[PDB]
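Peer 1: I'd like to ask some things about the structure below.
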Amino acid sequence: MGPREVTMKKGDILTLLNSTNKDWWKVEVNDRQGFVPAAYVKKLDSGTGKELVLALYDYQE
């Protein structure tokens, strides 16, 4: 907890923590938590109970 600089590669599947904001979603990358653009990821249908997103493009601040 406590937003930190996270990055992602196209194809990564991240655990979604908070998608209340339409533009920036909080996710767990490795053992770190941060924000990624909502437009760069897609909510997946499965991994039930746990929320998962697929990274569509690379991202780094």
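By convention here, the chains of the structure tokens are called A, B, ... in the order presented, each chain's residues are numbered starting at 1, and ligands are numbered starting at 1 in the order presented.
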Do a neighbour search on residue 29 of chain A at 7 Å with only C-alpha atoms, toss out local chain neighbours closer than 3 positions, and write the hits as a list in words.
Peer 2: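 Selected residues are residues 6, 14, 32 and 33 of chain A.
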Peer 1: Can you write just those residues out, N, CA, C and O atoms, as a compact mmCIF listing (two decimals), in the first residue's frame?
Peer 2:
```txt
# COMPACT_ATOMS: atom_id res chain seq x y z
N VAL A 6 5.25 2.04 -10.72
CA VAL A 6 5.18 0.69 -11.28
C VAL A 6 5.26 0.77 -12.81
O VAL A 6 4.90 1.78 -13.40
N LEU A 14 -2.12 -8.21 -14.45
CA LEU A 14 -1.98 -7.59 -13.14
C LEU A 14 -3.22 -7.72 -12.28
O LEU A 14 -4.33 -7.76 -12.79
N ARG A 32 4.55 -4.53 -5.29
CA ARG A 32 4.48 -3.07 -5.25
C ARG A 32 3.10 -2.64 -5.78
O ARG A 32 2.49 -3.35 -6.58
N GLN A 33 2.58 -1.50 -5.31
CA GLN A 33 1.28 -1.01 -5.76
C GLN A 33 1.37 0.36 -6.42
O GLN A 33 2.00 1.27 -5.89
```
Peer 1: Neighbours of residue 22 of chain A within 10 Å (only C-alpha atoms; same-chain residues fewer than 5 positions away dropped), as a PyMOL selection string?
Peer 2: chain A and resi 37-39
Peer 1: With N, CA, C and O atoms retained, could you export that selection as a PDB file, in the first residue's frame?
Peer 2:
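To be explicit, this is the file written out as result-v9.pdb:
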```pdb
ATOM      1  N   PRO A  37      -2.539   3.581 -16.601  1.00  0.00           N
ATOM      2  CA  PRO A  37      -3.666   4.141 -17.346  1.00  0.00           C
ATOM      3  C   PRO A  37      -4.737   3.072 -17.610  1.00  0.00           C
ATOM      4  O   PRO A  37      -4.427   1.949 -18.004  1.00  0.00           O
ATOM      5  N   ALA A  38      -5.991   3.413 -17.349  1.00  0.00           N
ATOM      6  CA  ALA A  38      -7.106   2.499 -17.579  1.00  0.00           C
ATOM      7  C   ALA A  38      -7.201   2.139 -19.060  1.00  0.00           C
ATOM      8  O   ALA A  38      -7.665   1.064 -19.410  1.00  0.00           O
ATOM      9  N   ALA A  39      -6.784   3.050 -19.935  1.00  0.00           N
ATOM     10  CA  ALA A  39      -6.839   2.797 -21.381  1.00  0.00           C
ATOM     11  C   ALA A  39      -5.795   1.784 -21.857  1.00  0.00           C
ATOM     12  O   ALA A  39      -5.886   1.256 -22.966  1.00  0.00           O
TER      13      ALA A  39
END
```
Peer 1: Leaving out segment 15-18 of chain A and any residue of its chain fewer than 2 positions from it, which residues lie within 6 Å of it when counting only C-alpha atoms, given as a list in words?
Peer 2: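 Counting only C-alpha atoms, the residues come to residues 20, 25, 26, 27, 28, 51 and 52 of chain A.
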Peer 1: Those selected residues, please, written with C-alpha atoms and delivered as a CSV table (one decimal), in the first residue's frame.
Peer 2:
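Contents of part-v3.csv, freshly written:
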```csv
chain,number,residue,atom,x,y,z
A,20,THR,CA,-13.2,3.6,-9.3
A,25,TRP,CA,-6.4,2.2,-12.0
A,26,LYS,CA,-4.5,1.0,-9.0
A,27,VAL,CA,-2.8,-2.4,-9.5
A,28,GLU,CA,-0.4,-4.7,-7.8
A,51,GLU,CA,-9.7,-8.9,-10.2
A,52,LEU,CA,-7.3,-9.2,-13.2
```
